[PDB]
Amino acid sequence: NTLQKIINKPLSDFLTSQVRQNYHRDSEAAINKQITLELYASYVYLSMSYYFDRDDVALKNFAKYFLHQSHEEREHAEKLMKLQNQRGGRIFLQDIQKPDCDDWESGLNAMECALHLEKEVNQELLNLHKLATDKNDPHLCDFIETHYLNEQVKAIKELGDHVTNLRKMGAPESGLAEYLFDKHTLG
Amino acid sequence: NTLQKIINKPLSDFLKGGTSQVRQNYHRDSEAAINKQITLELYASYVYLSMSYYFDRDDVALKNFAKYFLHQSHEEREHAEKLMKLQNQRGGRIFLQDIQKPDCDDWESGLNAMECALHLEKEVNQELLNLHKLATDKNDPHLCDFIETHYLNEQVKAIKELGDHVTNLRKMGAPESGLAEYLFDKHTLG
Amino acid sequence: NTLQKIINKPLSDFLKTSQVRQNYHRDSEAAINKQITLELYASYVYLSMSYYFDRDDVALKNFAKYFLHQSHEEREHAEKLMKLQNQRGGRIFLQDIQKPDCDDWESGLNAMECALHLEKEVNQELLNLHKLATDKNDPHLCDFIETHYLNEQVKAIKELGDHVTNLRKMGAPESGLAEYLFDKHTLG
Amino acid sequence: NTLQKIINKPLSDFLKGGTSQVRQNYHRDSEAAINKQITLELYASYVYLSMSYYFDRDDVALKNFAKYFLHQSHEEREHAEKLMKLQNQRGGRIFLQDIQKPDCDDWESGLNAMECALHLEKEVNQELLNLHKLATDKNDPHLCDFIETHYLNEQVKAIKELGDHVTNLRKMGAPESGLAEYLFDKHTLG
Amino acid sequence: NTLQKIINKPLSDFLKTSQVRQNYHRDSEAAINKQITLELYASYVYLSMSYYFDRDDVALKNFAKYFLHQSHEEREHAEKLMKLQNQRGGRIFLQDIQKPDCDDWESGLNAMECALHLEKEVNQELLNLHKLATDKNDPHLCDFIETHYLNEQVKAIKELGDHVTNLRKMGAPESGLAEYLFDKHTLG
Amino acid sequence: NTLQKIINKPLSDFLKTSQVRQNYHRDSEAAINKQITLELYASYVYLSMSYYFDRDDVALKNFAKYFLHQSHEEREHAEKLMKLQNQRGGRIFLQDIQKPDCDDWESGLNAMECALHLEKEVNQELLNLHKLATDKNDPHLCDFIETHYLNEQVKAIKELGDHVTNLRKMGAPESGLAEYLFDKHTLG
């Protein structure tokens, strides 16, 4: 899992200003690591979106839904870069690795992969909050809380709801199920 | 059922002790039965509240089933508040009691929840009819007309709608077809 | 005190795996179920308080309106905790809602004083809930309590203290004129 | 600096003596530190007020520098009023003290004033972070969240903006170029 | 009395050539700096007064609003004197703003009485400032004090005297009902 | 130049029949996937430029806005190319987006010059892509390039050249006043 590979790199791989105060180098590095995760997640959703744009898949609202998710992730990354400059840290950009799948199989499978991805990103934001708590950085703790933590919980709950419905309607075997879910839930 | 335990409790247990300047032709039994009816409406409110957030679960995820029962829970609380208003209007004294928890935490499906709601509404309707019989026997025409205009047709309408909902879900294959409950959630409750 | 009895009940009485569950301890899950019954109980107290002032021998309509509003706010508090429980993957476990401690709230001052004490007892449980979430390293739960309960609780306590003060300075418990004018000028 | 004398004064000197019906989980140290923070915000208000009318002088005459610092002076007074509101909300007692005069009557230029404002905001931010550490140690989550939502990001935003202002003025030749301060006054602060 | 101490400070403590300066004596310049600290001090007293009535054990919201407004008016008075100082070519010389004399203002009546006395003490200094400007043959300074301070001071004194009278006739210091009704009907 | 390494990569590395595919050569499908990578890379470069000027030691807000908008336009270009790939029956093959060459652009002039070079390099690959479509007799792909990229590329290059000229005339990278005034008057 290339996502798990990014999560396992040390903080030193993601590395004085007049504005800097109470901003630990570990926090600065973790913010740069979080930028990479958000940019990667944006790439995964962009890939998912145009998979459903294929003539042999052709689920238009699945495509719209994941495209909007991709733009939300890109917006998260840009707000993290803004925070980095606000605190006096320096942005250190890395390669955005390609997603692990070219073919996402089905609408149910794509929602299951999105649920897994959001829970893995949530764990990193939780570890990022723990690091900011250990470094006594309450401004960074507040930033993570206000902008991410409840947004991840809602995204995870919404993806779980979508997974549950698709499985109860007929799993990926019923192409009728994915079509009707595309119209009635994502429409 | 916890409902039956409330229904079969002696009337005098719904009185504060076990005269208002406004009290007139308001029998102690009627005052007691109004307090009993408040407990039933509050209980029914709790049942629909439990039902509502069952469908809000990530492993059930029927948003309109959840919205529908939450609205019903609020209507029941409103019926109870109006009965408390009536109790004070006639000079009775409100005597509250524990609101017992519902019998289930896990309703099985949209069909089963509709069916349990149908049974609950008929049980509450029966107690409302007994309350009317008591008001007739005590020659309380104001109480009789109060029950008629505010509860009797509303219970009949609720009972008819729940039956329609049960019927439609059964015809689409509700217990087994998750597609049936999904499309009913969209087309009828949405 | 029924409320003290609920507060002293152990966490295990508020219990008995989800695809959305993450970093959600069983203790936090039980404590959310505990807080749900506290808010439901508080809603019941205010409901009782409200219709006491609707009595023909009390007849303070704005006291009644004030407490009925607080009753609906506590119910909304409870419903948002049930929504949170499902958001995090816990299982809602409902208990009996005990009847309020009083049937007769005596006066407007006395009802305000009981409301102040009730809101302070609920605040303590919220602070204990926040402490448990901090120990369990649940920042989302910590933030949820912070944004939705702590400042609202502090504002509720300050408003009730203000009300109790004005009523006492007006001569409330003896002076029925004081409670009438307070009902008109502050709650009206 | 007069600021450092306030910061290093013992906590108990910011208490009235040296229980409210609403007081709950509000430690004496927190009550003292809120009174200390009020003195700092009032001091910062005085500093920006002195800065503002320096640029209003006929021999300085930078109208937008004057408007900018006067607005900052009003924001600081507003922070102090809100802390007095919080003190009463939690049952503490407001204890005021002398607002010491600023250290300068003659700020040297627009750049120097921006730089002194940058230093003052970082000094106040540091005391706000110490106040948060104290509220954490006393397990006061309401106070922690109050400081977070109302001061911490606002201080970071103020600190970033002042740094931008200092940077731009230095790049245009601010200390020596009066043209630089004139055009910055027009294009950035106007 | 901190205010008496400021008033008794000599003019030389409020000092230490401009192209705009004309007919502006160093005495007038020092007296403007003195008046600035008086208005700043008065703003501090009213601020203290305001949040005394915001206390949960006082809880008179319109008293608090009234005094907070007066605090901002005194601050605006001070800022206009700083603008005048620069208009005439003087140099602003800021001093410490002393803390108010009281922490506890006792009651609404007592706060109004202290406000009346404060406004009368500031009025005296304004009249002394106008007298100095007349002796120095500074008609612009005389006119500035006339249009911006004298009638506003007289109106402030008359309004506070009215307030003190109504509170006393209502039974203010003993009767908490009086101060509550005055807060609602006159300040509300 | 990381850009050149992408440009010099063979077409076979950009490849991993549909009912809609018609007259769509495998080389064109691969070259579309290559152009997607180029537009995504350019988006990354402009995003890096944008937040360079957002730094507190650079602090040119309109430079930052100008490049952020350019970064969104490049990403919009990439999304329309993926739409084209699916329209013609090709299969999107995504690759790593390489990090930009510089973390630290030196100034507004240097960033503008680097943008000028980048757009010219992307224009050359679009012209090669048009040449490939011409040789494979793909008039639909030729027209797609003509209408959506060629004139937009020419307009971007002329604008960037205009900006570079003005910045150099005004005082080059040495005048910080020049970059500030250009930021206000041209990019504002």
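Residue numbers (the authors' numbering), protein chains in the order written: chain F, -22 to -8, 6 to 177; chain A, -22 to -5, 6 to 177; chain B, -22 to -7, 6 to 177; chain A', -22 to -5, 6 to 177; chain B', -22 to -7, 6 to 177; chain E, -22 to -7, 6 to 177. A prime marks a further copy of an entry chain.
For every residue, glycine included, the Cβ atom is placed at its ideal position computed from N, Cα and C.
Is residue i buried or exposed, if buried means 16 or more other CB atoms sit within 10 Å of its CB?
i                   : result
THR(-21) of chain E : exposed
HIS58 of chain A'   : exposed
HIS119 of chain B   : buried
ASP151 of chain A'  : buried
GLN8 of chain B'    : exposed
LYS109 of chain A'  : buried
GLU135 of chain A'  : buried
Can the beta-carbon of residue i be found less than 7 Å from the beta-carbon of residue j?
i                      : j                   : result
residue -2 of chain A' : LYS(-7) of chain A' : Looking at chain A', the numbering goes -5 and then 6, which leaves residue -2 of chain A' without any coordinates in this model.
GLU28 of chain A       : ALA53 of chain A    : no
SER17 of chain B'      : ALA122 of chain B'  : yes
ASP172 of chain B      : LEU49 of chain B    : yes
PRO89 of chain A'      : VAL34 of chain A'   : yes
Which same chain residues, not among the five before or five after residue i, have their C-beta less than 6 Å away from its C-beta?
i                 : result
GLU168 of chain B : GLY97 and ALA161
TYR55 of chain E  : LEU176
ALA19 of chain B' : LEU(-12), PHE(-9) and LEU(-8)
Just how far apart, CA to CA, sit residue i and residue j?
i                    : j                  : result
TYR40 of chain B'    : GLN11 of chain F   : 34 Å
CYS103 of chain A'   : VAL153 of chain F  : 57 Å
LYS(-18) of chain B' : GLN84 of chain B'  : 13 Å
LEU107 of chain B'   : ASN22 of chain F   : 59 Å
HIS61 of chain B'    : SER32 of chain B'  : 7 Å
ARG64 of chain E     : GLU141 of chain E  : 14 Å
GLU148 of chain B    : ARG80 of chain A   : 30 Å
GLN74 of chain B     : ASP45 of chain B   : 42 Å
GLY165 of chain E    : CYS131 of chain B' : 49 Å
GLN87 of chain A'    : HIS129 of chain A' : 30 Å
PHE133 of chain A    : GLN76 of chain A'  : 47 Å
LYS125 of chain E    : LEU170 of chain F  : 41 Å
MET159 of chain B'   : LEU70 of chain B'  : 39 Å
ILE146 of chain A    : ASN117 of chain A  : 17 Å
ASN51 of chain E     : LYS72 of chain E   : 32 Å
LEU105 of chain E    : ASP92 of chain A'  : 50 Å
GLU163 of chain A'   : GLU163 of chain E  : 17 Å
Within its chain, find whatever has a CB closer than 8 Å to the CB of residue i; leave out the 5 residues flanking it on each side and keep chain order.
i                  : result
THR6 of chain A    : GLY78
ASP127 of chain F  : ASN12, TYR13, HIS14 and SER17
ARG157 of chain F  : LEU98
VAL143 of chain A' : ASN112
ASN155 of chain A' : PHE171 and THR175
Leaving out the 5 sequence neighbours to the left and right, which residues in its chain are closer than 7 Å to residue i when beta-carbon positions are compared?
i                  : result
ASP43 of chain A   : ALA53
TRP94 of chain E   : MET38, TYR41, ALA100 and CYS103
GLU114 of chain A  : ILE(-16), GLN24 and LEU27
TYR138 of chain B' : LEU115
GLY(-5) of chain A : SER(-11)
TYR30 of chain B   : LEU(-20), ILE(-17), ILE86 and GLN87
- Query: Which ranges does the beta strand (DSSP E) cover as unbroken runs of at least 3 residues, wholly within the region 92 to 157 of chain F, from first to last along the chain?
  - Reply: none
- In the region 37 to 91 of chain B, which residue ranges form an unbroken alpha helix (DSSP H) of at least 4 residues, counting only runs that do not cross its ends? 50 to 77
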